[PDB]
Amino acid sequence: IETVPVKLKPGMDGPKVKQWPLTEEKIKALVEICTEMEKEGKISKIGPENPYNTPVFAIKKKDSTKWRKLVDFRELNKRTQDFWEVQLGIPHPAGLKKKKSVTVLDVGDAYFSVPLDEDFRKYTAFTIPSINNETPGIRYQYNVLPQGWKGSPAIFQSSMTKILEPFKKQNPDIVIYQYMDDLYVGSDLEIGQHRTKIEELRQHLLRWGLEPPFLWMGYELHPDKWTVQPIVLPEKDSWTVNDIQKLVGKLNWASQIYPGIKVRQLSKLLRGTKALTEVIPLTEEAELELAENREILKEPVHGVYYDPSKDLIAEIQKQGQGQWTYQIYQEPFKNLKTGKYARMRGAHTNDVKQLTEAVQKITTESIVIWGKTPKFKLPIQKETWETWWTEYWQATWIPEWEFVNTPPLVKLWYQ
C-alpha cells in the first residue's frame, strides 16, 4: 500500500523498444483488456512527454480460450536495479527438482494489488498499435506492479510469505518456489491428493484477494521422471566400414568430454580402402578398446559444477520426425543437463511450433533446477523465428536467444 523506491542501474536510460506488428485479433483483445485495466486503475494513459516503450502482445495460456496480455519486459528487466535489499536472494530450493509432481500456478494477478513507485511508472510505458497505423497507438503506463517485470515478485515477496504462512505450517513437506509470475508447488503425494492440496492452495489466494482470471489453471510437471542422456555406443554383430567410421567419429567427439577415450585400435580397422558397405571383423585389440571406451562412458563427466555467476546456455538440434535433442551448459563439453523430446503436441507439420514448445519446456526445466532461464542457440533463421514464435507462446516469461546459421556436425552424435 506504500511504494518501494525503485531505480534503474547507474548510467542507464529507460527502454525504448519498438512494438512489433500485431494481428487484428490480438489488437482487439488488448484493447478490451486494457480498457478494463484502466477502469480498475491498474494502468493510465500517458502523454508524448514519455518516450519509453516496451512491446506487448497477447497469448492464450495452455488449455484455455481467454486472451492474456503479455508485456515483453526483457529490456526493462536488464536495466532495472538488482533487488538484494531485504534478501541477497531467494536461495534456489534444490529439493524442488525431486518432487514426484510440481504444479505451476499463474499468480501474477496478485501483483496488481500493490501500487508501483510513482517515479518508476514512466518506464513501464507500452503502446497498443492500430492496423496500418491509421490511428495513433494507445499509450499506457502501469500504476501497479506489472506482470513479467522482475521487480514484481521481489517487491511482492513479503506479502507472498505472509499469505502462504498457514499453508506452509500445515503442509510442511511441500516445496514452494516463486519465479516471476509463476508459483511452483512440489509434493510427493498421489495425483489426486496433490490436485486437492493445489486447490487448497488456490483457496488462500482467493481468500486473501477478497477475481484472478488464470489462477484456476494448473500445469502438472513430474521432475522425478525427467530422463537424461548418457553417451551410448551401438552393439552390433557385423560392423561395416561405414559403421566403424561413424563409431570412431562419435568416439573422437566423446574424447573432448571424457579424458581416456581411445580410437587408435579401431582406426586401425579401417586400414585399406574398402567399400563402405563391406563388413569388417573386429580384432581382439579393437574389441578391447571398444569395451574400455564403453566402461569410461558409464561414469559421470569430471569437474562439472554449476556456477551461479555465469549464464546458462541451451543448444537444440532438430533430429527429425518430431524429435529434438538439447544440452544445457556453461562451459563447452561440461553439460549440466541433456535431454530429448518427441511429444510435440499438435505440431506434426509445423517445425516452428515444435521448436517454440521445446524452448518453453527447456526453460521450465531450467527454472526448476537453477532458478533462472538459459540463453538459447536456436537452429532457425532469425526472420522465420521472429515472425512466428509469438503465435505459439504460452509462458508468461521470455528467455533470450540467438540463431545458429551453420549446421552442427554434432547433431549426428546426440541422435
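The first residue of the sequence shown is number 1, and the count goes up from there. We call the rigid core the largest set of C-alpha positions that still match within 1.5 Å between the two forms.
Peer 1: Between 316 to 324 and 224 to 232, where do the CA atoms move more in 6 other deposited structures of this protein, taking the root mean square over the structures and residues after a core fit?
Peer 2: Farther from the shown form on average in 6 other deposited structures of this protein: 224 to 232.
Peer 1: Name the stretch that deviates more in 6 other deposited structures of this protein: 59 to 67, or 28 to 36? Use RMS CA distance to the shown form, core superposed.
Peer 2: Looking at 59 to 67 versus 28 to 36 in 6 other deposited structures of this protein, the farther one turns out to be 59 to 67.
Peer 1: Any chance residue 216 is unbuilt in a third or more of the other entries we compared?
Peer 2: Across the compared entries, residue 216 is left out in at least a third.
Peer 1: Using the B-factors recorded in the PDB entry, average over the C-alpha atoms of 160 to 168 and of 320 to 328, then report which stretch comes out higher.
Peer 2: Result of the comparison: 160 to 168.
Peer 1: Averaging only over Cα atoms, indicate whether 235 to 243 or 97 to 105 has the higher B-factor in the PDB entry.
Peer 2: Averaged over C-alpha atoms, the B-factors run higher in 97 to 105.
Peer 1: Sort 265, 132, 229, 152 by C-alpha B-factor from the entry and give me just the highest.
Peer 2: Of the options given, 229 has the highest CA B-factor in the PDB entry.
Peer 1: Could you tell me which one of 298, 345, 337, 334 shows the highest CA temperature factor in the PDB record?
Peer 2: Among 298, 345, 337, 334, the PDB entry lists the largest C-alpha B-factor for 345.
Peer 1: Can you tell me whether residue 18 has a C-alpha B-factor in the lowest, middle or highest third compared with the other modelled residues of the same chain?
Peer 2: Tercile = middle for this residue's CA B-factor.
Peer 1: Quick check on the deposited entry: does the C-alpha B-factor of residue 375 sit in the lowest, middle or highest third of its chain?
Peer 2: As the PDB entry reports it, the C-alpha B-factor of residue 375 lands in the lowest third of its chain.
Peer 1: By the recorded C-alpha temperature factor, relative to the other modelled residues in its chain, which third is residue 139 in?
Peer 2: It falls in the bottom third of the chain.
Peer 1: Which third of the chain holds residue 124 when residues are ordered by C-alpha B factor: lowest, middle or highest?
Peer 2: CA B-factor rank for residue 124: lowest third.
Peer 1: Tell me, lowest, middle or highest third: where does the Cα B factor of residue 195 rank within its chain?
Peer 2: Tercile = highest for this residue's CA B-factor.
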